[PDB]
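Below is one structure; the comments refer to it alone.
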Amino acid sequence: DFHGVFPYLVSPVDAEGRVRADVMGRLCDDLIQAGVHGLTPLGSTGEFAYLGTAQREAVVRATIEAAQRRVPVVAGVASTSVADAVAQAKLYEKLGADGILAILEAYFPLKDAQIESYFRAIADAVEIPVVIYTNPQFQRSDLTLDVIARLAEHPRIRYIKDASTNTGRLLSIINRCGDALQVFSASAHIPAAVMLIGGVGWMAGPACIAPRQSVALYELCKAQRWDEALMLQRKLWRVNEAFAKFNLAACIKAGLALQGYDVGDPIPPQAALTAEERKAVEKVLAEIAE
Amino acid sequence: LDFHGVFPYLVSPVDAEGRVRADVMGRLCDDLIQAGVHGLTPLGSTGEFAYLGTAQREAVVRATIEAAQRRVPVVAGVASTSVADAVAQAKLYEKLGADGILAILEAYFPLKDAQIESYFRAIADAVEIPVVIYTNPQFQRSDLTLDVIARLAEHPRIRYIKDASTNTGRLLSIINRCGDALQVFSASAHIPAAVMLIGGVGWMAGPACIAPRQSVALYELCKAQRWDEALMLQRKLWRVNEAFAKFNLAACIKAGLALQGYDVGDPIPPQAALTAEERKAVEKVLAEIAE
Amino acid sequence: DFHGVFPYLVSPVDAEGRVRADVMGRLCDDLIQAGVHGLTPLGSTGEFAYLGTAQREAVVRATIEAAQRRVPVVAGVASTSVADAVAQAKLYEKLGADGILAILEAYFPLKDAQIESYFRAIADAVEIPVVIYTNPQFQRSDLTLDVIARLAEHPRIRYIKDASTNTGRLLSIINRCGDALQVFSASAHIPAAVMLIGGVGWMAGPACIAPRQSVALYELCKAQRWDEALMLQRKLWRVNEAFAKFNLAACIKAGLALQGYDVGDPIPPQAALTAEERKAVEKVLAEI
Amino acid sequence: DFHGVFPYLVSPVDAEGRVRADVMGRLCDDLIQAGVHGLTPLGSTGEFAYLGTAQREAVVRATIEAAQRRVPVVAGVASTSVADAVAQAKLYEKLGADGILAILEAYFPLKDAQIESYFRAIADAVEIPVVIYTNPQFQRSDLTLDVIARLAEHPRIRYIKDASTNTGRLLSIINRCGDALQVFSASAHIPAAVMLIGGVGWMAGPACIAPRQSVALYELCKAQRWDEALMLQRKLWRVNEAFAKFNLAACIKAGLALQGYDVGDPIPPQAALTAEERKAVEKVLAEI
């Protein structure tokens with residue numbers, strides 16, 4: 001089962017928007033060698049919202065190839081429509097993905113019945129496990145505890161990843177669904193607290209620049225070595241707090257560049273961090289560098 | 001020559017498989033033109049642009065242009081989160097025969113004004129046809145301030161702005177600020193008569209699809225300053241807006257057009273079509289405004 | 001029947017919070033001589049949210065005394081509880097108010113029935129007309145058209161004032177309620193547009209610093225002289241954009257001070273406009 | 001130093017708004033006896049937003065007299081103006097309060113410099129410790145980490161209580177201020193998680209109906225018996241979930257009534273829980 005640290009991979013592209021498979025390959029290889037427990041391309045940090053059909057496929061294909069089945073590859077599938085999401089899910093599964101991170105984007109408001117049919121449609125489209133994505137603080141259409149409970153009844157919907165800051169929400173989900181739905185968090189949640197209350201891991205952008213420390217934190221929490229976990233959590237939280245002001249995709253791409261990875265810049269109109277903003281990323285990175 | 005009057009936000013007719021129904025779109029556009037509308041705007045919010053892929057979008061714009069036969073201008077909605085994608089769309093619709101571009105900025109991560117401005121200038125620089133700036137700060141994650149709007153108006157190709165919010169007072173601030181450099185179009189969230197009173201040049205809306213002759217009549221009455229008659233009509237057309245307000249507009253207009261004989265289909269799932277009970281409520285308002 | 005321009009009077013106080021009844025009186029008198037059609041103390045611009053019971057009574061009392069029955073005085077009644085609102089309404093009526101501007105403040109969310117009960121309680125406590133206040137864009141608990149329609153059935157709920165920017169909502173109210181509920185707008189709506197669609201007037205802070213022009217605009221609209229009304233409307237609308245990013249009470253108090261009224265400053269924590277910010281007030285005023 | 005479980009006391013009043021001191025006293029007494037480490041009157045659950053100046057004083061006085069200095073009493077001070085907040089704070093301190101829970105209510109937006117001036121004024125008005133109240137998810141004007149850090153420099157601002165669901169920000173606060181600002185959470189935060197990350201306790205309404213369990217949870221966390229604490233946390237969290245759809249003051253009052261306290265109903269327009277809703281409260285109380 002999926003667990004531990006899944007870095008939200010940035011999507012490396014050149015000026016023309018062409019995906020850099022080679023750069024993505026060494027990054028994925030290095031992250032795996034650092035001990036990450038999975039990889040998640042096309043998450044928010046991966047700028048899925050700015051990439052077309054071809055670019056997304058290219059991102060997913062490159063990740064799958066570089067991983068070589070070493071760790072599960074959960075591919076983000078975001079769409080406003082059922083047909084498009086189903087097409088993506090089937091394609092990524094066909095390419096070799098191990099899981100689907102189902103993301104519902106909404107334009108016109110949707111009732112709970114419609115919201116449920118979307119996720120159910122994606123699950124019925126593939127044979128690999130689905131991870132429901134949720135963030136009531138950003139999404140125009142999200143999931144109520146009841147909808148989540150009904151979805152967990154699907155044989156292949158077995159995980160959920162909440163990216164809001166409402167950690168209490170996570171405890172309610174676990175109290176309600178137990179093991180039928182394993183919980184993943186994002187950087188908006190304190191990893192140590194998520195693990196304390198019953199979560200199984202986290203998918204986050206920062207894990208890209210601090211993979212070993214993130215894995216270490218995960219291990220400490222699992223071993224119940226809370227005092228040591230918290231020492232480390234405070235330091236890693238300072239990293240998030242520093243990033244919590246910039247476009248996260250632009251932030252991780254800047255940090256990865258400072259570490260030697262030619263990931264390029266975010267897709268315009270997004271702006272790359274300025275020399276001054278980058279200097280700040282540089283300082284936070286150097287502080288936790290081992 | 002300048003864009004003015006009533007521009008229906010065309011629905012996007014598709015089958016259960018998602019294939020655009022060019023023939024149905026054709027008869028609809030032809031009927032709207034005969035009804036006297038002043039322009040056509042496919043791929044607006046009512047056209048479900050957010051639910052159509054690059055191939056379906058091209059099929060829609062194509063079908064609309066062919067049908068229009070240059071009888072009225074066709075303003076194609078270009079919506080995207082990226083400059084590259086938006087530029088590609090605009091150049092494509094311009095090539096297909098579009099007379100203007102309704103530039104819609106979709107955002108994920110927040111953007112600062114300079115970036116927001118760069119998006120619109122990229123589109124305007126990519127084509128030679130006029131650009132209509134789309135704005136609705138009540139729904140859009142990244143919208144435009146009056147200063148950005150004023151800077152954008154300085155571009156020779158950006159000559160119109162269409163506001164879909166309910167904030168009519170903002171339209172007057174824009175007019176006071178930009179004057180003729182930026183001609184104002186409203187949507188159904190604004191009262192048409194009020195917009196014309198303060199200086200707007202027309203409106204692009206979904207309801208215009210089911211009440212084209214009445215919309216055109218309202219426009220003319222306002223232009224001729226026959227306010228008493230314009231308002232008698234406005235009060236009636238507003239009741240229609242009020243009834244649709246509780247529904248997914250695209251779902252509403254599609255159900256409305258079906259009642260009028262257009263096999264436009266249902267909205268793109270996960271969107272739901274209006275239920276039988278909801279369709280009766282729509283058939284009700286139509287009957288009341290039917291001339 | 002209430003109509004025309006109702007200035008949202010600022011509430012003049014000294015640094016100690018003591019109301020300057022003397023200054024309020026001269027202001028009200030000057031506004032009445034300017035031709036305003038009514039006065040509304042304790043509206044948002046009057047900083048009702050920052051004044052205590054005694055301060056509020058002092059403000060209303062000062063306004064009524066200076067008005068001398070020349071124009072109706074509609075007093076703002078804002079509260080989170082029925083008991084407190086009823087107490088204020090009964091007090092202002094006793095002091096001689098001609099109407100009550102009922103404002104529901106909410107902390108915990110309220111269902112429509114409870115919201116409706118708040119307004120009915122105020123209306124049942126007095127014999128003078130009640131003006132329902134509404135601004136869905138700011139209020140925590142507001143009114144749906146259905147609730148407004150039911151409230152309009154009460155014999156004393158005869159008006160509604162909407163402070164949102166959603167002018168379309170006003171037309172929906174008018175189509176639904178007709179003369180059972182006459183509509184007033186605030187500075188967020190374009191005055192001429194409100195009059196065009198059937199509104200009867202407006203209650204706003206900017207009227208305090210440009211009374212005569214505001215009255216002239218109203219008269220032109222009533223006389224259906226739209227061409228001239230719009231020319232004037234375009235000029236007056238500049239005030240709204242100029243104060244857009246500032247505390248409205250701060251703006252009107254600064255403006256009035258520039259016109260010679262010792263109205264004092266907003267009640268702390270609110271800050272008075274800085275010298276730099278005041279330039280926008282000097283500017284728009286010279287322009288009008 | 002303030003720590004542990006501080007029940008957010010409900011404010012018992014009759015249908016006419018009169019505070020029931022006798023009732024409040026019996027409730028405080030049993031709470032103290034149950035082991036709570038402190039009492040916090042006039043918090044959100046105490047309907048401070050629906051209570052006038054006199055009622056608030058009655059609540060505070062009734063709580064202090066009942067506590068008999070057995071546990072510290074932190075009185076909620078909520079206001080939109082500095083003058084009113086300072087008066088309240090000085091009064092409660094005078095009555096014998098051990099701390100002030102400063103709550104900033106806003107109408108017009110306030111810049112950081114003004115928000116800071118509000119809290120500092122309160123802190124400058126009393127000699128007892130000040131607890132900064134914050135909830136960015138509900139308050140119109142709240143505090144950034146920078147403002148919080150600046151306020152922590154004040155000799156008497158020594159605690160902060162966050163009622164949002166954003167536990168991550170509590171850690172950001174702890175990392176920045178440390179010992180200078182001890183952190184308290186509320187129902188929206190998972191108590192076990194707050195204690196794990198460095199918090200010192202919590203102030204919440206649910207502690208009123210489940211004091212012994214709440215205290216037990218606290219001790220378990222402090223003793224670092226995380227397995228037992230989490231088993232207990234899961235149960236007590238079912239409580240947070242059950243009320244999620246109701247007025248918290250109405251739930252706690254209904255819950256206390258079921259436990260034998262004649263605390264009465266919430267202040268209208270708020271509605272008391274219906275029978276169907278009280279049965280629900282009955283079940284959660286039975287579950288633990």
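Only this structure's heavy atoms are used, side chains among them; waters, hydrogens and symmetry mates stay out. Letters A, B, ... are given to chains in the order of the sequence lines, protein chains preceding strands, and every chain is numbered from 1.
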To the nearest 0.5 Å, what is the distance between CZ on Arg238(A) and OG on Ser172(D)?
9.5 Å
Which residues satisfy the salt bridge (charged side-chain N to carboxylate O under 4.0 Å, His left out) test with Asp146(D), sequence neighbours excluded?
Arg176(D)
Does any non-hydrogen side-chain atom of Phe243(D) lie less than 4.5 Å from one of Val281(D)?
yes
Is there a side-chain contact between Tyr159(A) and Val74(A) (heavy atoms, below 4.5 Å)?
no
Would the distance check show the side chain of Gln213(A) and the main-chain N or O of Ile288(A) forming a donor-acceptor pair, the cut-off being under 3.5 Å?
yes
Carefully, step by step, assess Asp84(A) and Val77(A) under the rule side-chain contact (heavy atoms from CB on, under 4.5 Å).
CA-CA 9 Å; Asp84(A) 177 66; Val77(A) 165; over 6 Å; no
Please tell me if the side chains of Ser44(A) and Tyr108(B) come closer than 4.5 Å, counting only heavy atoms from C-beta onward.
yes
Sub-3.5 Å donor-acceptor pair from the side chain of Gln88(A) to the main-chain atoms of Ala78(A), do we have one?
yes
Mind running side-chain contact (heavy atoms from CB on, under 4.5 Å) on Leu196(D) and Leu230(A) for me, showing each step along the way?
CA-CA 8 Å; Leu196(D) 176 79; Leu230(A) 298 173; 3.9 Å; yes
Can you tell me which residue pairs pass the salt bridge (charged side-chain N to carboxylate O under 4.0 Å, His left out) test with a partner in residues 101-110 of chain A, sequence neighbours excluded?
none
For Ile115(A) and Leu110(A), which heavy atoms make the closest approach, and how far apart are they?
CD1-O, 3.6 Å
Taking the side chain as C-beta and beyond, is there a heavy-atom pair between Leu151(A) and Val130(A) under 4.5 Å?
no
Could you tell me which non-hydrogen atom of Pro191(D) sits nearest to which non-hydrogen atom of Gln233(D), and how far apart they are?
CD-OE1, 3.2 Å
Applying side chain to side chain contact (heavy atoms under 4.5 Å, CB included), name anything that partners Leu256(A), two or more places apart in sequence or on another chain.
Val10(A), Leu27(A), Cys208(A), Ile209(A), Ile252(A), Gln259(A), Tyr261(A), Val263(A)
Only counting residues at least two apart or in another chain, list the ones meeting salt bridge (charged side-chain N to carboxylate O under 4.0 Å, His left out) with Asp143(B).
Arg170(B)
Within a strict 4.5 Å, meaning less than it, do heavy atoms of the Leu39(A) and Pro7(A) side chains meet?
yes
Is the closest side-chain heavy-atom distance between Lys161(D) and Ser185(D) below 4.5 Å?
no
Check the pair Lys253(A) / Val13(A) against side-chain contact (heavy atoms from CB on, under 4.5 Å), numbers first and verdict last.
CA-CA 11 Å; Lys253(A) 277 191 171 179; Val13(A) 301; 4.2 Å; yes
Kindly compute the distance separating OG (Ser117(A)) from NZ (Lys111(A)), expressed to the nearest 0.5 Å.
10.5 Å
Sequence neighbours left out, what passes side chain to side chain contact (heavy atoms under 4.5 Å, CB included) with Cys221(D)? Give chain and number order.
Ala192(D), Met195(D), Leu217(D), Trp226(D), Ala229(D)
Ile190(D) CD1 to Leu171(A) CG distance, which is reported to the nearest 0.5 Å:
4.5 Å
For the side chain to side chain contact (heavy atoms under 4.5 Å, CB included) test, which of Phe6(A), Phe184(A), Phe2(A) pairs with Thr40(A)?
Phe6(A)
Only counting residues at least two apart or in another chain, list the ones meeting ring pair (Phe, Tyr, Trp, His ring centres under 6.0 Å) with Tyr92(A).
none
Does any pair with a residue in residues 122-139 of chain A pass salt bridge (charged side-chain N to carboxylate O under 4.0 Å, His left out), and if so which ones, sequence neighbours excluded?
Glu127(A)-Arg156(A)
Sequence neighbours excluded, every pair satisfying salt bridge (charged side-chain N to carboxylate O under 4.0 Å, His left out) that has a member inside residues 225-237 of chain D:
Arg225(D)-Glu228(D)
Pair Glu57(A) + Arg61(A): basic N to acidic O under 4.0 Å:
yes
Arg140(A) NZ/CZ over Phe139(B) ring centroid, <6.0 Å and within 45° of normal:
yes
So, taking the atom named CZ in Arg150(A) and the one named SG in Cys177(A), what distance separates them when rounded to the nearest 0.5 Å?
11.5 Å
Heavy-atom closest pair (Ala34(A) atom, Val215(A) atom, distance to 0.1 Å) is O-CG2, 4.0 Å
For residues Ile132(A) and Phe119(A), report the shortest heavy-atom separation together with the two atoms involved.
CG2-CE2, 3.9 Å
Taking the side chain from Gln140(B) and the backbone from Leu105(B), do they hold a donor-acceptor pair closer than 3.5 Å?
yes
By side chain to side chain contact (heavy atoms under 4.5 Å, CB included), which residues pair with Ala280(D), not counting sequence neighbours?
none
Considering only heavy atoms from C-beta outward, does the side chain of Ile288(D) approach that of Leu236(D) to under 4.5 Å?
yes
Could you report the tightest heavy-atom contact between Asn135(D) and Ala163(D), atom names first, then the distance?
ND2-O, 3.6 Å
Is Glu116(A) reaching over with its side chain to a backbone N or O of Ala113(A), donor-acceptor style, under 3.5 angstrom?
no
Only one of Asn166(D), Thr167(D), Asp162(D) forms a side chain to side chain donor-acceptor pair (under 3.5 Å) with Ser164(D), so which one is it?
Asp162(D)
Partners meeting ring pair (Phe, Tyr, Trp, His ring centres under 6.0 Å) with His3(A) (sequence neighbours left out)
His37(A)
For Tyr118(A), give me all partners under ring pair (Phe, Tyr, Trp, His ring centres under 6.0 Å), at least two apart in sequence or on another chain.
none
Does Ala188(A) have any side chain to side chain contact (heavy atoms under 4.5 Å, CB included) partners at least two apart in sequence or in another chain, and if so, which?
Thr165(A)
Value rounded to 0.5 Å, distance of CG in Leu42(A) from CG in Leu101(A)
9.5 Å
With side chains defined as the heavy atoms from C-beta onward, is the minimum distance between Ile174(A) and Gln182(A) less than 4.5 Å?
no
If you round to the nearest 0.5 Å, how far is CG of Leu273(A) from CG of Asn247(A)?
7.5 Å
Check the orientation of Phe108(A) and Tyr51(B). Use parallel for under 30°, tilted for 30 to 60°, and perpendicular for over 60°.
parallel
Contact summary for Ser11(A) and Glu47(A), nearest pair of heavy atoms:
O-OE2, 4.3 Å
Before you tell me yes or no, could you show the steps for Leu170(D) and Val194(D) under side-chain contact (heavy atoms from CB on, under 4.5 Å), namely the whole-Å CA-CA distance, both residues' side-chain angles and the distance that decides it to 0.1 Å?
CA-CA 8 Å; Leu170(D) 295 188; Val194(D) 176; 3.9 Å; yes
For the pair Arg158(A) and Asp179(A), find out whether any cationic side-chain nitrogen is under 4.0 Å from an anionic carboxylate oxygen.
no
